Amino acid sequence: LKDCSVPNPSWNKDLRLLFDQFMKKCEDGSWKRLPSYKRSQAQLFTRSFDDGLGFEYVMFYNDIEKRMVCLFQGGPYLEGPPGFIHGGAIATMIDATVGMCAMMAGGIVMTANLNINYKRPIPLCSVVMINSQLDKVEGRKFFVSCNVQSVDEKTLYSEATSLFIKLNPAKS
């Protein structure tokens, strides 16, 4: 049972720096780091590449603010347009972030809607901040939105909205 949401030697300096800043944020308990594990042959999609090759990320959650931040570094195996991250790898990390935000707020959910605007392409081996927030809850409906930005927060790469439906275990 290995935790992948901790620094390894594939991590760019920018990702290490940001991770350290968010670990400091965790000092008073207002933020908290989420461990992540690999998982027949079935494995978690975002944790199925070797180190550095696929998704490298850590999530930090702020309960008071119902906010999830994903620090994310995309490896060479996530390529779409030459030199950039595939639009589906972006959707994947968006979904994993906004979904985990809903799940920390309110428990088990599944994505019903995912609406992504790609504003600027993301360079392969770059590091981004996915910042999501729970906007409103309406019964079983969780409305989470987010944005993907450069580490320095100058560049806006993507914006997304999403709807998660809390499952009713007495039905599934």
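From 1 onward, residues are counted along the sequence shown.
Student: Please figure out whether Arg39 and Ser40 are truly consecutive in the deposited sequence or have unmodelled residues between them, and give none, 1 to 3, 4 to 9, or 10 or more.
Tutor: In the deposited sequence, 10 or more residues between these two have no coordinates.
Student: If you average the CA temperature factors over each stretch, which comes out higher, 136-144 or 42-50?
Tutor: Looking at the record's C-alpha B-factors, the answer is 42-50.
Student: Comparing 101-109 with 30-38, which has the greater mean CA B-factor as deposited?
Tutor: Mean C-alpha B-factor is greater for 30-38.
Student: Of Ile116, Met129, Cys125, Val58, which one's C-alpha B factor is largest in the deposited record?
Tutor: Top of the list by C-alpha B-factor: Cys125.
Student: Using the B-factors in the PDB entry, rank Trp11's C-alpha atom against the chain and give the third, lowest, middle or highest.
Tutor: It falls in the top third of the chain.
Student: Should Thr155 be placed in the lowest, middle or highest third of its chain by the C-alpha B factor in the entry?
Tutor: Highest third.
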